[PDB]
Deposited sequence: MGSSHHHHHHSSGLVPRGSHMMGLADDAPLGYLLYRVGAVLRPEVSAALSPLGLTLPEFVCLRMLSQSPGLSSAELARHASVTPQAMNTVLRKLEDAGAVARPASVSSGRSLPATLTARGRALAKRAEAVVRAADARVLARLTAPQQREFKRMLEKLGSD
């Protein structure tokens, strides 16, 4: 059939607009959410390793970090209460987008599929 990369690509092409439209009314972009979640799971890290874990340039991560400081999400930076709440609601919303693309599969199919994706990386 079609190359594996093509299929991953098409699933990504379905997923990313949904995640974008979902994050949009929260005042968040996709990279900003990435940063949110990284700092929410690993508090305290500096900007450089943030950029290293998200495969972006330090300047992009600093732009994001300033947008999040100005928004009162972050204060060797770390998260604040507003940042935690924002992270929660963002997480929930992207999970909703996830459910909405994964809905073409039955629930068992979903579980097994996530196991398989989990395995193919690792």
| item | value |
| --- | --- |
| Gaps in the model (deposited sequence, numbered from 1) | 1-26, 102-112, 160 |
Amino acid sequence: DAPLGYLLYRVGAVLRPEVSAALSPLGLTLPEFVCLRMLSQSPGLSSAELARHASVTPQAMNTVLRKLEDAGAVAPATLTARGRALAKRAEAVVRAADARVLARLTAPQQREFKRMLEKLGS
From here on, numbers count along this sequence of modelled residues.
{"query": "Residue range whose averaged C-alpha B-factor is higher in the record, 40-48 or 24-32", "finding": "40-48"}
{"query": "Relative C-alpha B-factor of residue 16, binned into the chain's lowest, middle or highest third", "finding": "lowest"}
{"query": "Residue 107 CA temperature factor, ranked by third within the chain", "finding": "lowest"}
{"query": "Within-chain third of residue 5 by Cα B-factor, per the entry", "finding": "lowest"}
